[PDB]
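Here the structure comes first, spelled out in structure tokens, and everything after it is commentary.
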2 protein chains.
Amino acid sequence: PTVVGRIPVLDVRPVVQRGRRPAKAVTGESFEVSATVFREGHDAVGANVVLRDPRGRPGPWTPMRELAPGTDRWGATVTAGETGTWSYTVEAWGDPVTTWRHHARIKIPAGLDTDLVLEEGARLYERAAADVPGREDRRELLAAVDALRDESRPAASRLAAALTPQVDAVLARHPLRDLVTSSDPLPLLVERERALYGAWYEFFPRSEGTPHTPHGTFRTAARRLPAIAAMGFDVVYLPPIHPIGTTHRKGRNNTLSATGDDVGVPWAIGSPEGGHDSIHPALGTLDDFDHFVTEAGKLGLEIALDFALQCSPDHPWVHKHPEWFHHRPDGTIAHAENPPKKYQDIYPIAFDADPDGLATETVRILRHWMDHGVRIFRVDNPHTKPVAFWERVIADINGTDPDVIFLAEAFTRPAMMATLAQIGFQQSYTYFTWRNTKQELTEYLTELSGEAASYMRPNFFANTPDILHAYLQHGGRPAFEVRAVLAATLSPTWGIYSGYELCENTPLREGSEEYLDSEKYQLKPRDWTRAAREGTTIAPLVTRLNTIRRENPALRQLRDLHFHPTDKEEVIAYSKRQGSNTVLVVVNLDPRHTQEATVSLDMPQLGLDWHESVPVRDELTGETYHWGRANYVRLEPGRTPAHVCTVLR
Amino acid sequence: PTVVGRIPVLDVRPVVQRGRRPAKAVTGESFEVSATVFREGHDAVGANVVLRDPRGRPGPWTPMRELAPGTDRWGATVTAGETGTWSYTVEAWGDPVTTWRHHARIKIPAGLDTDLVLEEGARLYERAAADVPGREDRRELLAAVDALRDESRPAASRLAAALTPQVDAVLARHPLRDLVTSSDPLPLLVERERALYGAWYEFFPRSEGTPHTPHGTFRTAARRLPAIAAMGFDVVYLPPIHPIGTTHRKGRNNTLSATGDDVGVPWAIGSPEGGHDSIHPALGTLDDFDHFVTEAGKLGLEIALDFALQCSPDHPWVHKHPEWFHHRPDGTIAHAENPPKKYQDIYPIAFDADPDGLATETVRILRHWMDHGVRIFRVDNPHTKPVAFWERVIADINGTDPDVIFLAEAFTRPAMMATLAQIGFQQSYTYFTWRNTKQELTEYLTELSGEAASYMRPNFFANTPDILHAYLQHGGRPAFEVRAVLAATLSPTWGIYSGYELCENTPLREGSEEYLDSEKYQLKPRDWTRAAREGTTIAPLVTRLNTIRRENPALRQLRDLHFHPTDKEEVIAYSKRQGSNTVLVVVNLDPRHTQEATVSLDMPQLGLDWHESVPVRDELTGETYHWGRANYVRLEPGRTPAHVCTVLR
Ligand SMILES: OC[C@H]1O[C@H](O[C@H]2[C@H](O)[C@@H](O)[C@@H](O)O[C@@H]2CO)[C@H](O)[C@@H](O)[C@@H]1O
Ligand SMILES: OC[C@H]1O[C@H](O[C@H]2[C@H](O)[C@@H](O)[C@@H](O)O[C@@H]2CO)[C@H](O)[C@@H](O)[C@@H]1O
């Protein structure tokens, strides 16, 4: 048996790990399946994609086209339906009708062998007719057969009868395929919409308390949920909600020794009060948590819990499972690190003495929170635990509960970032915050929206508790407006960490990405009511951005994206499409000066002729414009960060 | 089981067809095996390549290194030995000694936990000692253990004792490897030297006849062999040696109708006298052929026969196996084509009615010639027969006779060109003749010497009977000199078609790549003696080039090649290396004007410091120079085409 078939079909894409892991989609998501298809000699080939659902049922006729001339690379778009494990095959075949047509159109006017040529076409068309299930369509092709064979009629006339629009339509739908050859099937994991699309808000429940009880509880924190839902968010990400250690507890601003009232860092998990399956007593009980989750659900909010596989020195695991830690020769356990950052308040887990025990406990813990309605886990620093460990855990959890979504917070090198997605993380954090110039943004999003989208789904948090970028520090409110627009329009998942709306941008010191008086080490009450009435919050822009996303399919996908040229380096333009919805975005990346530029639209890439002039609406302002090939913009920081335009139907 | 192992080892290269076909080498050839290797957390990894022979025996310890910083891409060079099917694996592992060393060098001067750090080092070194088979080497490491643990000595001293040259040497040879993880094995087909390296000469035996009998025989053609071997060639490629049809025979200069004496085209195979297993009666008998092959062998010449799976209309297959042809409805068989080229004198084969019959006959035919000492076949236009057909044939023939070498004459699109090599053709014809500028040459050879070298071995014929390039047409003798130097220095296999030496460069017409009065359609006697005495042959240059190749290992490999910059667009410079042999070539691509240029050598890419000045010899002239970072050259067409320099030892 040979490796190559009768009609070569090679290097089908997408492929992940040579086919040992699945390519990814979500319900309703479209992507391109490609392959290299050609044959011996000079006749035409054709190709089609066969998509098969979890029950093995084939999808519709999906013909491919050569993507670039001379390349022999063919592609077609397909769309994922219900969730589960699917497969895809490319079929390649000889296309003797296109071949015959080509020769006939030349030979018949040339008067070469006209009778023989016409009879050859007749016999092809007859075979094409025997396959066609439609009776009307069959009649249409037999009619052409008769005409081709009518030796009383002129050659050019007989031939034209085989090339009519309605003959073409039948053959496009039901082609004569010679020597059909199939690739081996490749796997596709189709997951729920939220895996790709959703808007995330991160906050610390303990900061939302009262005058009498400063340390907020799940019952007091629940009062923030309505305002979070009204901003158009879908997911609430909570830092660790468990008891927090007392030994080597950190004080305010990442100081080494906590004083009497200091609350410490949520990520220092565990004390005699409980571990990863417990609630910090100052937040309340598990019933209070249920109330929180229930209230969230009624508002259309899902909860994402933080999962940080690490311990404070007071965690019960320290004495109950000492072999889950590496002990130095004097018995001590080295505190965790991410240099030059030190985490003196925690111990990292060791995985090589009891991997099975660690895996079993981990899935028990996740299943506990799952039983309480948490169907999304934000995995803290996954890259400091074994890659195969995450592979096994996710596979175990999705085996019984395929809706559960894991987000990898791995700010690390590309190989690890990619591998973590490929072994099963539904979402990844990304380099977004360190991509601030037009060249950085264009390059990174080209990468994210290209081949990487077969395995990685990005979550663009414009900030986190650990990341306050210099761009926001030096930019002020107009920088916050820009980044919000970008994150929200460039990824179908984006997020902010509470305080972003208020444009909090004071660093620990010059050249740091830490916030001053960071919420990680202290309660951080905020006067939300005053910021609203005084207008010192960008919460209305944020709300508008999420509304636009909810109203425009184009912004709920990743892969269709294109950058249009502009004559200003500060000014970036791009477009996204889904069916007939097309969103056009122009952003001024300069937060200090007004920028004017000419934006030159790739009109065909919008599906328009070059000379066309289509109307748009800037959904940020409601204002209408008529745009075409070349368009003047003028964007004033503080007044307008961008144009976020929909092309009017 | 998980897809990733304990220490990630991903995307091992080379790989061909996702591992479904073997990567290629020949005996004594070196190539790079790479992989993506990393681990969780911040500790050090290491990696090594395990190469296994046909009996499964592992080769030597072959440690890998990260190929560039931050990339996590690791590589090592391996070398193929005896012929057969081999495999290769990459092992990745934790490197705790490098890790410890890093921390120890910082902590010990810092005075941080010196006793604990030093005891930890001692326990690592002890475990490394337990594995070391050498008794002296073991003593060396135990001695360091003792010093590390000597608490009466200063910290920095104890530590220095673990970091000596002789401790380093033992650990480089026998490292402590944690958590060893292996890739799945990938296949490597190792073939004989000729598959990669050899010089080829093509000529028509029928042209070497006498005044009395113009149509030469194998016995008269054998007289050209000494001259061919004296020019330094290893392989003689003969056009088809079989009877030639009379129906639609072509006349001189590709005219449609032959006149009474016209000999026709050798590729129009077959007549009542015999087919592909027969000898044209005017060349003599099978015994005369044996004499020719024996005489060749004594001169160090192997024969490559042309194999053209096609028939004249008078071939016995036409009536004996009509289902090996496609018949139109009137019974006729359309003549073969490669548009706009027409081959009215032959029929192409049809493969879909009797594929088993065609395969059986093909291998019988090849085996017949194999039994008569032909171990190399030049396959005519393989891309007009099914890819899987060639896969099956080659696999059948190499199954019993692995030394047999097939050369694919596929001047076609890249996908087919690549696929043909990947399914088993040992050699391929290339785009060489259509690469004439420095940018063309540099780009194409970069491609050929990179990843494509894991499946394709190029044969650079500077000309063929079908290809006389405009460059030679317009260039004259100095162009022939340039292209000879390029072909011979850029590929370890090159070739010429007889008449190239004489600088025959008259085309059929302006803008054609056909020769006028082409040897395909007529006997073409040449006054070899006169050319020699009158010095109008570049035969001596050709000889010198093959001598230099025979004397310099660097030129008998493909993959090590590097282009050095020059300030002239007409002037190209490159280098090739194998062990301590380094060849440096500078060519003036302008056949009409002298060019002077400064050539700026990548000194490190030669393995020298920038300021070094190493002597060279121009092997074309014998002249010595001293070259370094920047060197003036002056190359005068007709006097010097190029400098072909060896770096002196
Ligand atoms: O309590 C441990 C540690 O928590 C914080 O660092 C986190 C960070 O916020 C997470 O998102 C992620 O990067 O991992 C780290 C630990 O899980 C504090 O910033 C740090 O000072 C504290 O030691
Ligand atoms: O006699 C058949 C046909 O042969 C030649 O074409 C060859 C050519 O020499 C080969 O190098 C390769 O291109 O395949 C062709 C077919 O075997 C003649 O040049 C052509 O005129 C002739 O009809």
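Both ligands and their constituent atoms are indexed starting at 1 by order of listing. Computed from heavy atoms alone, side chains included, the values below leave out hydrogens, waters and symmetry copies. Naming: A, B, ... by sequence-line order, numbering from 1 per chain.
- Contact residues for ligand 2 (protein heavy atom closer than 4.0 angstrom to any ligand atom): B:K250, B:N254, B:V265, B:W267, B:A268, B:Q310, B:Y343, B:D345, B:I346, B:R378, B:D380, B:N381, B:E409, B:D466, B:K520, B:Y521.
- Counted by atom type alone, B:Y515 and B:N505 present zero donor-acceptor pairs between their side chains at under 3.5 Å.
- Ring geometry for A:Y431 versus A:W434: interplanar angle over 60°, hence perpendicular rather than tilted (30 to 60°).
- At a threshold of 4.0 Å, the pair B:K520-B:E514 counts as salt-bridged, since one of the basic side-chain nitrogens sits closer than that to a carboxylate oxygen.
- Residues B:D277 and B:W369 have side chains that never bring a donor and an acceptor to within less than 3.5 angstrom of each other.
- Between the side chains of A:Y237 and A:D306, at least one donor N or O sits under 3.5 Å from an acceptor N or O.
- Remark: A:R483 is positioned above the aromatic ring of A:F432, its terminal NZ or CZ atom under 6.0 angstrom from the ring centre and at most 45 degrees off the axis.
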